[PDB]
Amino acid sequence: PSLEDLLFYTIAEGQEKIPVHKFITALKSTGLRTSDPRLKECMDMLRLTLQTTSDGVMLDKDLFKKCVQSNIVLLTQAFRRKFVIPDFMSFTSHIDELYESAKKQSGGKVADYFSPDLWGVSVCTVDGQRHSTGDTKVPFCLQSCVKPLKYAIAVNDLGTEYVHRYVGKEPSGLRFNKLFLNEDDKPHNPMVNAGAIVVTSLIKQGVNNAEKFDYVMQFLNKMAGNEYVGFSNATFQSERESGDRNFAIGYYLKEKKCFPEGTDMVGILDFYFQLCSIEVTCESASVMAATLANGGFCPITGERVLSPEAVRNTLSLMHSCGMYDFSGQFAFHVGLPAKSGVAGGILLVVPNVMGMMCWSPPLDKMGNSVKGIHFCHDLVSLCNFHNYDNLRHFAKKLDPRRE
């Protein structure tokens, strides 16, 4: 036997040669993208062999074999339907319905401190299967969607028990919404501004703020498989002009000796405003999400980006603390680690399956995207993705993991 050859006969049909368009539509139908970085060597060798001629072009058994031999292990598993969602092409048609029925919820206010009709969802599974619907490629800032990401970096570089010398691990209480510190004089959790600010003070001490920002950008690039990550100076300067609450928080933390020694608080706050003005798209962000869904390995490159300890802690606190005052209601009904931001984003993680990012700017009165919240409810109302759904007895729900 030869595993490059018998994949050739899976796609060949019995016909003696394989056209290359038939290979790319068979591939794009697994849900992989032909621009997948784990597919570079194979797609290099196929642009190479269509300069060779231009009369077709079908591939022999040795030509297909020498196009795919260095990527066949990932390609067989794709074609023997061994990915986390085997029937990926049906699943996106459900994503499309969930997207389109959430598209009809017009209500909400867009943050004013900017079209209210943008709405996009993007999926990245832990195997790299991708799909998008709507305005999936318009940049927007993470705002508070960065709080799990910089927390993950902090825990990765420093460990849990150092990070949680400075910030708690529990939800406030649905009217300790207003206190900055718990009773041990630590912020409640990394997902509120006070805790996020302290987490930002922990990343890359000893070096100046420009290199700190670069290190987080490098880190976010690995999480997104080197897809789109940018920076909006406009939101930066407007958050730097409007942040009297974050300035109040910084002065309270300084006096209560809540930062690591040698901290410049007023600078840390400017670093904090930079990190909330970082730009993503729904597609780039969904890869970040899928990195957390995949135990710390980026799904479209295979690179270990975050330690399992960071990814677990981050998923744990997005569960309890991730959707502002709606976190309890959200944890009960949806049961997924999620994190919302005031541009309208919701970074969503279905552990061991997929990462998601949906984005629509109109917010509900608790600060969460209306359409995003609607989509998340519908998704778990249709598939056994809820954290405490049973994988064997699940009533009317769908399990996209099965055939």
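Numbering starts at 1 and follows the sequence shown.
Student: Please compare 320-328 with 260-268 and name the stretch with the higher mean C-alpha B-factor in the deposited structure.
Tutor: In the deposited entry, the stretch with the higher C-alpha B-factor mean is 260-268.
Student: May I ask you to compare 350-358 and 22-30 by their mean CA B factor in the entry and name the higher one?
Tutor: Averaged over C-alpha atoms, the B-factors run higher in 22-30.
Student: In the PDB entry, which of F140, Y113, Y252, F219 has its C-alpha at the highest B-factor?
Tutor: Within the set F140, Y113, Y252, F219, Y113 shows the top C-alpha B-factor.
Student: Quick one: which of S286, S144, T314, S93 shows the highest Cα temperature factor in the PDB entry?
Tutor: Comparing C-alpha B-factors across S286, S144, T314, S93, the top value belongs to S93.
Student: Taking the C-alpha B-factors as the PDB entry records them, is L174 in the lowest, middle or highest third of its chain?
Tutor: Top third by C-alpha B-factor.
Student: Within this chain's modelled residues, let me know which third the CA B factor of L39 belongs to: lowest, middle or highest.
Tutor: As the PDB entry reports it, the C-alpha B-factor of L39 lands in the middle third of its chain.
Student: Using the B-factor values recorded in the entry, state whether the Cα atom of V192 falls in the lowest, middle or highest third among the modelled residues of its chain.
Tutor: Lowest third.
Student: Considering only modelled residues of the same chain, in which third does the CA B-factor of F79 rank: lowest, middle or highest?
Tutor: It belongs to the highest third of the chain when residues are ordered by C-alpha B-factor.
Student: Considering every modelled residue of the chain and its Cα B-factor in the PDB entry, is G243 in the lowest, middle or highest third?
Tutor: Highest third - that is where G243 ends up once the chain's C-alpha B-factors are sorted.
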